[PDB]
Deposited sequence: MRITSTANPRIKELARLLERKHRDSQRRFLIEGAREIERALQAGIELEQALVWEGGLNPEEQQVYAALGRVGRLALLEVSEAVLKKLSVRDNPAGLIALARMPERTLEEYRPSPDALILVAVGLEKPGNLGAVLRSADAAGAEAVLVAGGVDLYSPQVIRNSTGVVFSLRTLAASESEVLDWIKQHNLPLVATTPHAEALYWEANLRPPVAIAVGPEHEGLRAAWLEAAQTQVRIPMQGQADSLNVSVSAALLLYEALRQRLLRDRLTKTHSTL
């Protein structure tokens, strides 16, 4: 009926989904937020149950709730237990981990690709995917492991992870892939002479960015057709990777509209 105790066995089972091993073995994950839940539905993700704040839902959460499966009227302390936000949504769903399709990818003639190197933080991963989605990137190639169903990747990407082609592989594997398709590569580095605005970001192209507290290894710089930098005008020595990815990708979008 109305579950208010975090000790409730049903809630103890769902809380385990906050950890990766548990999501993978059970092929299930939580989706917090009416918009995230909706985008998941729009992507074909099957839901099994939805939890609802006993104190009511906001308008948006109400229309998502309408467009729906066992339901659970739940308390704030319980949603907070399943939440990864300061203030939890009023609607959290239990989802089935999708049928991981092993389809291969080949860049189209309009391909705008973002290559993220040294990106290990799920929060950062999500923010980066959000910037790549907004700019219109065709894919995000992550050189270094990815977890598409974690709560932080889902929140920071605002659900975009359910639709943006995001792939992982070793740096060597990704680099061999680039050359395999004769895909021009533009590497970002603070010591490059050319400003990023001067590079030619014509439709078929890949843009690499490294960690914010570090540059791209020599391997990436020797493989690039062009090396470029994002000018820093003040005290800051760097920017969050999601901000850098937006800058480079929006400049690509600006050149395309020309």
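Residues 69-73, 264-274 of the deposited sequence, counted from 1, carry no C-alpha coordinates in the model.
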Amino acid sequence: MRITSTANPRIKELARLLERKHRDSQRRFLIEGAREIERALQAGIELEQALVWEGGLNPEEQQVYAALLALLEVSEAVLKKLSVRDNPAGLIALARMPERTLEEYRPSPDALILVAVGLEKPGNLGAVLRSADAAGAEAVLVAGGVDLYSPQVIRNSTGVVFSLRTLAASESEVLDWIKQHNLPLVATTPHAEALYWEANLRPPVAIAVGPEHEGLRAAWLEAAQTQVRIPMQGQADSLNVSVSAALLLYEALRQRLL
From here on, numbers count along this sequence of modelled residues.
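Between 211-219 and 22-30, it is 211-219 that carries the larger average Cα temperature factor according to the deposited entry. When the two stretches 248-256 and 1-9 are set side by side, the higher mean Cα temperature factor goes to 1-9. The residue among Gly136, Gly123, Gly159, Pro109 whose C-alpha carries the highest B-factor in the deposited model is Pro109. Looking only at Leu41, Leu57, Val205, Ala192, the residue with the top Cα B factor in the deposited structure is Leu57. Annotation for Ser150: C-alpha temperature factor in the lowest third relative to the rest of the modelled chain, per the entry. Per the PDB record, residue ranking by Cα B-factor puts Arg165 in the middle third of the chain. Among the modelled residues of the chain, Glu36 sits in the lowest third by CA temperature factor in this PDB entry.
Annotation for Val115: C-alpha temperature factor in the lowest third relative to the rest of the modelled chain, per the entry.
Sorting the modelled residues of the chain by their CA temperature factor places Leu72 in the highest third.
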